[PDB]
Amino acid sequence: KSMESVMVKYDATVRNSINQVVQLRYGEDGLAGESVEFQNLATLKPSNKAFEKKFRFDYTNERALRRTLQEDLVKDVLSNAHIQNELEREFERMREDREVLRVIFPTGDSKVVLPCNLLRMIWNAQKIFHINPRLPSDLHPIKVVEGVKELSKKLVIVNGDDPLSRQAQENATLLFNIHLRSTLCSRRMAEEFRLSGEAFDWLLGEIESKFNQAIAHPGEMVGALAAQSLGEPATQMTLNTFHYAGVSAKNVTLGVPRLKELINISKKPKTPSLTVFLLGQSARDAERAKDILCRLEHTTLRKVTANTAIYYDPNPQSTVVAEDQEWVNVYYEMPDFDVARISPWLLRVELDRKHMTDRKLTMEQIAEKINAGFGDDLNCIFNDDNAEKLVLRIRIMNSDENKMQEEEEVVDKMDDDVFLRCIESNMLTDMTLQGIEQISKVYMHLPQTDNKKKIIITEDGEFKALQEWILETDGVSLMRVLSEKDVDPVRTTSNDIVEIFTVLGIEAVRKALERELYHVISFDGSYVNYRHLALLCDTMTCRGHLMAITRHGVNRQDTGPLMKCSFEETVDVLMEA
Amino acid sequence: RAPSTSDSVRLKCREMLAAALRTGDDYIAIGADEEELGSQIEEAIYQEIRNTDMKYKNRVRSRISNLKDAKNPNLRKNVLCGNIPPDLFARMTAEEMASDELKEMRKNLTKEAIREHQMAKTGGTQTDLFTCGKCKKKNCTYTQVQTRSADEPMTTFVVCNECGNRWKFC
Amino acid sequence: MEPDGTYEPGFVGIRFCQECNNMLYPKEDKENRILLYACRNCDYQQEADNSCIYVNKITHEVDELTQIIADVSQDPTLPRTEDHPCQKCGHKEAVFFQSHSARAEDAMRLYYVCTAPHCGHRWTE
Amino acid sequence: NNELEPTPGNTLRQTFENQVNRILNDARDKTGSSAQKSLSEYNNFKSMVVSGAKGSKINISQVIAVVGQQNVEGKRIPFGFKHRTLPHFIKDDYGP
Amino acid sequence: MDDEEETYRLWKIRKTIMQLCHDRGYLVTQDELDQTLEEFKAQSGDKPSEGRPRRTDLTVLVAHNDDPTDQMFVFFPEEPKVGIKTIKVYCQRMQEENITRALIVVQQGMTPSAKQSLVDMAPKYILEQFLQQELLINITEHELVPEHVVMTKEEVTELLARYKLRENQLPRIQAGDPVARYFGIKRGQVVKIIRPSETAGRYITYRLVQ
Ligand SMILES: [Mg+2]
Ligand SMILES: [Zn+2]
Ligand SMILES: [Zn+2]
Ligand SMILES: [Zn+2]
């Protein structure tokens with residue numbers, strides 16, 4: 001009911017009913033989903049030396065019969081300077097493309113959907129023409145090179161005699177075009193496929209015909225088609241089956257309940273989280289990670305306290321708790337005048353040494369935190385860190401000068417013990433020592449020895465992966481967690497969408513929402529073609545603000561009343577129209 | 001030779017530090033000048049805070065209490081014999097200087113256990129059967145879901161976490 | 001003194017009023033350093049003994065050998081054990097069981113109850 | 001004996017429940033792998049599984065080797081009764 | 001506070017606003033771009049905390065897009081919540097200096113009358129609002145956020161012509177959007193978004209601000 005109005009138009013930009021543009025060519029590439037197939041990208045080749053060895057057409061040819069193998073032609077072209085510059089013009093471009101392709105797929109995955117299986121077609125050329133895999137060919141490499149240039153011009157998906165249109169053409173076939181050129185390189189043909197010249201000629205004619213056929217048909221109801229294609233695997237597998245993994249996994253709702261949660265643009269996800277990455281020494285040391293985690297972990301004093309007590313002791317220098325007597329020796333000079341002013345009601349707190357250690361927190365920071373929060377009125381003193389018992393001693397002070405029973409004391413004679421309980425109620429529930437805001441008691445400390453992350457480039461050029469620490473957190477405060485020191489502000493991400501929008505802005509939601517949908521579908525194991533998912537997310541963000549697909553979402557769209565009545569609200573919308 | 005002060009508060013804090021050093025009379029079996037050393041301690045603290053602030057007083061007082069420890073006189077002896085200069089003493093070498101057995105061991109083993117609460121963390125479903133079709137490692141996971149079915153029957157789906165690769169019994 | 005000293009200062013709620021039998025609340029005498037407990041509806045007041053009026057979170061009133069009433073031993077569906085020697089009487093036949101409480105907390109520790117009339121004695125392991 | 005020592009990311013109860021589940025799953029998988037191997041070439045059952053027609057390895061495991069740990073809501077059978085699953089068992093029996 | 005960590009925060013928001021200025025096209029020293037916290041600690045003399053300025057004096061002028069429309073001014077107020085009075089005095093300073101555009105980086109909250117008055121002065125002179133937390137990082141470097149290019153009014157004219165569209169038919173972006181706010185782009189203008197792709201490899205889209 002949301003997507004239905006979206007279709008390919010005859011200029012090929014996919015638009016809805018009110019004619020607004022959804023995409024500029026269908027699914028970002030002009031290609032229909034019926035005739036695309038999984039293919040490998042040779043060019044993501046690991047070591048720089050192996051790539052250079054494999055792809056570069058040799059000129060430092062062996063003085064022996066060197067070259068009369070594979071080709072009978074090179075006796076003709078071993079002397080041409082121009083042919084050497086032109087192939088070098090080809091390889092430097094391949095090496096430049098190679099650099100661009102690494103930026104495109106940071107994951108170092110070489111499996112992409114494309115039309116027209118070039119290995120199987122090339123394999124089909126060898127089969128038909130009956131080409132001996134171990135003989136010299138009559139093929140000319142410049143013919144291939146120029147033929148590939150010529151074939152790229154031939155493969156136009158939308159007209160472009162205009163510089164903007166010309167650019168739109170160049171990028172919209174970039175991935176196929178590097179794939180074409182890297183597979184159909186002069187050395188590839190020569191060292192491997194051994195194709196003859198007419199065989200190459202047929203091969204161009206075949207790639208040309210199947211590619212042109214592949215393009216999407218204007219008129220296709222791709223909006224209707226995409227909605228069912230996503231809809232269908234949602235019917236399949238897992239209502240709410242649990243998958244044991246690491247420490248976590250009381251994490252991220254899986255499957256249809258996650259599809260409903262995600263697609264409704266829920267303000268209150270059932271399990272919101274952020275995957276936080278670490279930097280410097282903190283990305284490889286457990287104890288450093290412990291320190292950053294401690295700053296992040298939203299701990300409240302109630303979590304920390306072993307015990308509380310309230311005591312009636314007007315004068316410390318005669319303490320009811322005889323063991324406390326030494327702090328009085330310790331704290332006689334602590335504002336010695338207002339011991340005549342402090343209330344005879346005493347609060348005592350006992351702290352656990354193991355739990356206090358885990359937060360790596362000090363007693364002075366707490367005294368200073370509570371003193372600063374409540375104010376100078378809340379008079380706090382504390383113990384020696386090396387004592388076997390950890391204690392915090394609390395009294396309550398006043399403003400001295402103004403309290404002389406002027407009228408009747410604007411407090412209405414509240415009991416002071418009772419007020420001390422309110423201090424204890426609030427002091428525990430409010431005080432956010434080291435940990436700031438709601439990420440709750442729940443943290444996870446994960447080693448990514450697991451999946452496909454923390455990988456980079458190296459001097460070898462290969463995608464050697466790192467194994468590093470990360471922090472999964474049940475929480476929402478994405479904004480603050482980014483602001484903290486040593487947390488990687490690049491890769492840190494969330495499964496929540498409302499928060500991603502507030503912090504990162506509408507384009508980031510388009511990416512994250514596609515990723516979250518991609519993630520539920522991969523779990524359930526079934527694969528869905530990328531075009532369909534791109535179209536759904538693009539349908540939802542187009543208005544600018546997120547359009548949950550519910551009556552409070554899509555039925556606010558400026559589409560016509562007669563469409564909107566057939567959705568859900570019916571009579572009310574017709575009345576409002 | 002240590003600089004005297006004309007402030008009543010600083011002078012009193014000095015005798016309190018001297019009084020703290022006099023505990024157990026350990027200074028006697030060494031015969032050191034605990035009053036001068038205390039004055040150097042106070043001055044060295046003053047060089048960092050430069051104020052009569054609560055934070056200065058608390059830092060002096062926490063020095064005092066740690067010197068007053070009955071569980072570790074050997075710390076005080078170490079200070080009294082001049083193995084720990086006052087400028088050093090001004091700053092803690094441990095989160096409640098407890099070196100010299102007992103509490104350091106206890107604090108360390110506690111540092112073991114709280115670090116232990118992160119270690120393995122917890123991982124691995126655990127079959128280690130099939131070998132990956134990409135990074136050729138045998139550390140792999142399997143999924144078992146929806147039975148009977150119509151056209152996609154219950155199949156064993158195997159995923160290599162180790163590089164996100166996914167396949168079926170096929 | 002020593003950290004071995006148990007923590008039971010006297011929680012104490014009732015010692016209510018002696019006249020009208022309602023609840024007593026603390027209240028101050030700034031003149032004599034004394035706590036008093038007064039009924040709110042009458043003029044009766046009396047000094048308190050301990051200065052303690054409230055504590056919270058012993059966090060470990062492990063409750064291991066308390067509330068667990070000895071008649072539990074008659075239950076036929078609990079596992080009798082050949083594991084011998086009650087720690088009081090020279091007879092085996094201890095009945096045993098986990099937790100039995102929703103603070104279950106996470107305990108896996110067994111509790112043993114001797115079942116012959118000579119004890120009723122209970123003990124953890 | 002209270003000597004199990006909890007795993008760094010669970011409570012003592014959760015570690016036990018994880019650990020027995022790991023062993024009982026490990027047990028089914030070993031006997032399951034054992035029957036598929038012990039079978040010959042003529043077993044029509046192997047012909048239906050192998051072609052990819054119907055069923056699966058785990059199906060073979062269940063008819064011949066051993067059915068394994070039943071489940072509900074992602075964990076072992078609940079204590080429907082007070083500290084028991086059926087009246088037939090002793091109280092607090094955490095065995096298989 | 002009264003702690004060195006605060007300096008790091010002041011340093012870090014200084015780094016982000018300089019990158020932002022740079023990305024709007026304004027001329028800035030690369031040495032300023034590279035300026036680290038330890039360099040800053042001497043180069044501005046963030047003193048020892050307590051003393052003077054680490055703000056009012058941190059206040060900086062920037063003046064460089066390649067097209068000389070002359071300076072932009074960036075101000076860091078002191079108080080946690082800024083009132084219309086301080087904004088007015090600031091306004092007097094910018095007017096007397098005859099500034100072209102002002103960016104205001106506030107400590108915590110915002111007076112609603114101040115935002116309103118900030119709204120109402122807009123047709124006369126133009127004026128931006130950032131909360132400091134949003135500047136503690138640089139969102140443009142996040143792994144999800146694509147390359148945004150503001151288009152010049154003429155290039156948009158060419159865009160509508162070559163596709164034969166109307167501005168209304170385009171995809172839209174909020175004016176109050178964090179990336180829209182980051183460029184400080186005003187309503188009615190179009191932003192060109194460049195994305196990585198799993199099929200074309202590169203996909204170009206446009207968004208109207210509204
Ligand atoms: Mg069927
Ligand atoms: Zn693998
Ligand atoms: Zn009474
Ligand atoms: Zn007995």
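If you check the header, you'll see the entry was determined by cryo-EM and the resolution is listed as 3.9 Å.

A.B. asks: Any chance you could break down the overall build of chain E for me, citing the residues and the numbers?
C.D. replies: Across its full length, chain E holds seven helices and eight strands. The principal-axis extent of the C-alpha atoms belonging to chain E is close to 60 × 40 × 30 Å. The buried share of chain E, reckoned over its 210 residues, is 46%. Sequence-distant contacts, at least 24 apart, represent 68% of the contacts inside chain E between residues at least 6 apart. Of the roughly 11,600 Å² that chain E leaves accessible, carbon and sulfur atoms contribute 48%. Charge-centre separation for chain E: the mean point of 29 positive side chains lies 9 Å from the mean point of 33 negative side chains.

A.B. asks: Tell me about the sheet that holds strand 1 (residues 24-29) of chain C, and please be specific about residues and values.
C.D. replies: Residue and element names in this part refer to chain C. The strand order across the open sheet formed by three strands is 1-2-3, and the pairing between neighbours is antiparallel. Sheet topology places strand 1 and strand 3 (45-47) at the edges, where each strand pairs with a single neighbour. Taking each pair of neighbouring strands and ignoring which way they run, the sheet shows an average axis angle of 35 degrees. Relative to strand 2 (residues 34-39), strand 1 runs antiparallel, the two being bridged by six bridges.

A.B. asks: Explain the packing of aromatic side chains to me, using residue names and the numbers behind them.
C.D. replies: Here the structure, examined in full by the defined rule, presents 15 aromatic pairs over all chains. Here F73 of chain E and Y90 of chain E contribute two aromatic rings whose centre-to-centre distance is 6.0 Å and whose plane-to-plane angle is 35 degrees, an arrangement assigned as tilted. Taken together, the residues span a long stretch of sequence, with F73 of chain E in strand 2 (residues 72-75) and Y90 of chain E in helix 4 (residues 84-96) at a distance of 17 residues. Assessed through its relative accessible area of 10%, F73 of chain E is described here as buried. Cluster of aromatic residues (ring-pair linked, three or more members): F51, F55 and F91 of chain A. Note that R421 of chain A overlies the ring of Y54 of chain C, its terminal NZ or CZ placed 4.4 Å from the centroid. Cation over ring: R10 of chain B sits above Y46 of chain B, and NZ or CZ is 3.5 Å from the ring centre.

A.B. asks: So, the pairing of strand 8 (residues 202-209) of chain E: which residues are in play, and what are the values?
C.D. replies: Remember that side chains alternate between the two faces of the sheet whenever the strand is regular. Residue and element names in this part refer to chain E. Within strand 8, seven of the eight residues are buried, leaving the element largely enclosed by the surrounding structure. Sheet analysis places strand 6 (residues 172-173) next to strand 8, joined by two bridges and oriented parallel. Along strand 8, the bridge assignment pairs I173 with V209. With seven bridges connecting them, strand 7 (residues 190-196) and strand 8 associate as antiparallel partners. If you follow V191 over to strand 8, its bridge partner there is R207. Count of turn residues in the strand 7/strand 8 antiparallel hairpin: five residues, of which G201 carries a positive phi of about 105 degrees.

A.B. asks: Could you give an account of the coordination of the zinc ion (ligand 2), with specific residues and numbers?
C.D. replies: Distances from the zinc ion (ligand 2) to its protein donors, namely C132 of chain B (SG), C135 of chain B (SG), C160 of chain B (SG) and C163 of chain B (SG), fall within the range 2.2 to 2.4 Å. Coordination geometry of the zinc ion (ligand 2): the four donor atoms subtend angles of 104 to 122 degrees at the metal centre, consistent with an arrangement described as tetrahedral.

A.B. asks: Give me the interface of chain A and chain E: which residues, what numbers.
C.D. replies: Taken together, the contacts link 54 residues of chain A with 38 residues of chain E. Between chain A and chain E, a total of about 4,300 Å² is buried, with carbon and sulfur atoms accounting for 55% of that surface. When the area that chain A buries against chain E is broken down by residue, the three leading residues are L24, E28 and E507 of chain A, summing to 16%. In this structure, the connection of chain A to chain E is made through six salt bridges.

A.B. asks: Can you tell me about the coordination of the zinc ion (ligand 3), naming the residues and giving the values?
C.D. replies: All names here are of chain C. Protein-derived ligands of the zinc ion (ligand 3) are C17 (SG), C20 (SG), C39 (SG) and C42 (SG), with the metal-ligand distances lying across 2.3 to 2.5 Å. For the zinc ion (ligand 3), the four donor atoms in the first shell make angles of 92 to 128 degrees at the metal, a pattern classed as tetrahedral. Donor residues binding the zinc ion (ligand 3) come from one chain and are separated in sequence as C-x2-C-x18-C-x2-C. Here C20, found in the segment before strand 1, pairs with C42, found in the loop between strand 2 and strand 3; they are 22 residues apart in sequence, far enough to count as distant.

A.B. asks: Any chance you could break down empty space enclosed by the protein for me, citing the residues and the numbers?
C.D. replies: Residues and elements named next belong to chain A. If you walk through the whole model with that rule in mind, you get 18 cavities of 30 Å³ or more. Lining the largest cavity are 29 residues, with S2, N16, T539, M547 and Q557 positioned closest to its centre. Breaking the lining of the largest cavity down by element, the ones donating at least two residues are strand 2 (21-23), helix 21 (530-541) and helix 22 (561-565). At three residues, helix 21 tops the list of elements feeding residues into the lining of the largest cavity. The volume enclosed by the second largest cavity comes to roughly 250 Å³. Around the second largest cavity, the lining comprises 18 residues; the ones closest to its centre are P316, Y331, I342, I381 and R395. Contributions of two or more residues to the lining of the second largest cavity are made by helix 14 (325-330), strand 8 (380-382) and strand 9 (390-394).

A.B. asks: Describe the packing of helix 1 (residues 8-21) of chain B against helix 4 (residues 54-67) of chain B, naming the residues involved and giving the relevant values.
C.D. replies: Residues and elements named next belong to chain B. In the contact formed by helix 1 and helix 4, the axes pass within 9 Å of each other and the chain directions differ by 15 degrees. On the basis of the axis angle, helix 1 is roughly parallel to helix 4. The element helix 1 and its partner helix 4 pack so that their crossing is left-handed. Counting all contacts with helix 1, which are made through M16, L17, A20 and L21, the residues of helix 4 involved are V60, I64 and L67. Looking at the contact of helix 1 with helix 4 residue by residue, the classes come out as seven nonpolar, no polar and no charged.

A.B. asks: Tell me about a negative patch on the surface, and name the residues and values.
C.D. replies: All names here are of chain E. Judged by side-chain charge, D2, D3, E4, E5, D31, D34, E38, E39 and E50 come together as a negatively charged surface patch. Secondary-structure elements contributing two or more residues to the negative patch are helix 1 (4-23), helix 2 (30-34) and helix 3 (37-45). Its place among the elements puts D3 in the segment before helix 1.

A.B. asks: I'd like a description of the domain arrangement of chain E, backed by residues and values.
C.D. replies: Residue and element names in this part refer to chain E. One can read the domain layout of chain E as domain 1 (1-137) and domain 2 (138-210). Each partner contributes to the interface: domain 1 provides 12 residues, whereas domain 2 provides seven residues. The junction of domain 1 with domain 2 conceals about 860 Å² of combined surface from both sides, 43% of it contributed by carbon and sulfur atoms. Contact with domain 2 buries area across many residues of domain 1, yet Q19, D23 and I137 alone supply 38% of it, more than any other trio. For the pair domain 1 and domain 2, the number of links is one salt bridge. Between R181 and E134 there is a salt bridge, with the nearest N and O atoms lying 2.9 Å from each other. For the side of domain 1 that touches domain 2, the secondary structure elements donating two or more residues are helix 1 and strand 4 (127-131).

Rules and cut-offs
- Along every chain, residue numbers run from 1 in sequence order, not necessarily as the entry numbers them; residues that have no coordinates are omitted.
- Lettering of chains starts at A and numbering of ligands starts at 1, both following the order in which they are written.
- Values throughout apply to the visible chains only, these chains being members of a larger assembly.
- With hydrogens and water stripped out, all remaining heavy atoms of the structure feed into the side-chain values.
- Segments assigned H or I by DSSP are reported as helices when at least four residues long, segments assigned E as strands when at least two residues long, and all are numbered from the N terminus.
- Each residue's exposure class comes from its accessible area (1.4 Å probe, protein chains only) as a fraction of the maximum for that residue type: buried when under 20%, exposed when over 50%, partly exposed otherwise.
- The contact criterion used throughout is that any non-hydrogen atoms of two residues lie within 4.5 Å.
- Only the protein chains shown count as cover for residues, and all accessible areas are computed by the Shrake-Rupley method using a 1.4 Å probe.
- Residues scored as positive are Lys and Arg, those scored as negative are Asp and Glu, and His as well as the terminal groups of each chain are ignored.
- Charge coordinates come from a single atom per side chain, which is NZ of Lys, CZ of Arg, CG of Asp or CD of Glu.
- When DSSP finds at least two bridges between two strands, those strands are taken to pair.
- Each axis is a line fitted through C-alpha atoms, taken for helices only over the stretch in contact, and angles between the N-to-C directions span 0 to 180 degrees.
- Centre distance within 6.5 Å is the pairing criterion for rings of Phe, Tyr and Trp, where only the six-membered ring of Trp is used; planes under 30 degrees apart are then read as stacked, over 60 as edge-to-face, and the remainder as tilted.
- Note on geometry: a ring has a charge over it if NZ (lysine) or CZ (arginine) is within 6 Å of the ring centre and within 35 degrees of the ring normal.
- In this listing, donors mean N, O and S atoms no farther than 2.8 Å from the metal, or 3.2 Å for Na, K and Ca; water is missing from the atoms, so a site can look incomplete.
- Any site counts as irregular unless it has four donors with all angles between 85 and 135 degrees, making it tetrahedral, or four or six donors with opposite ones more than 155 degrees apart and the rest between 65 and 115, making it square planar or octahedral.
- When two parts are brought into contact, each loses some accessible area as probed by a 1.4 Å sphere; the total of that loss over both is the buried area.
- Each salt bridge in this description consists of a side-chain nitrogen of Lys or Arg and a carboxyl oxygen of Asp or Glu lying within 4 Å of one another.
- Here a cavity is any set of points on a 1 Å grid over the protein atoms alone where a 1.4 Å probe fits but cannot get out, and a pocket is any open set with protein on both sides within 12 Å along at least 5 of 7 lines; a residue lines the site when it has an atom within 4 Å of a point.
- Grid points are joined across faces, edges and corners, and a volume is the space filled by probe spheres set on the points.
- Working rule for angles: under 35 degrees goes down as roughly parallel, over 145 as roughly antiparallel, 65 to 115 as roughly perpendicular, anything else as oblique.
- Throughout, a crossing is termed right-handed when the near helix is turned clockwise from the far one, and left-handed when it is turned anticlockwise from it by less than a right angle.
- Just so you know the grouping, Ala, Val, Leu, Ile, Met, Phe, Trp, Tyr, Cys and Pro go in nonpolar, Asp, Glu, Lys and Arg go in charged, and all remaining residues, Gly too, go in polar.
- Patches here: salt-bridge-free residues with over 30% relative accessible area, like charges joined within 9 Å, nonpolar side chains (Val, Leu, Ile, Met, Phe, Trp, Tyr) joined within 5 Å.
- What marks off one domain from the next here is an automatic or database domain assignment.

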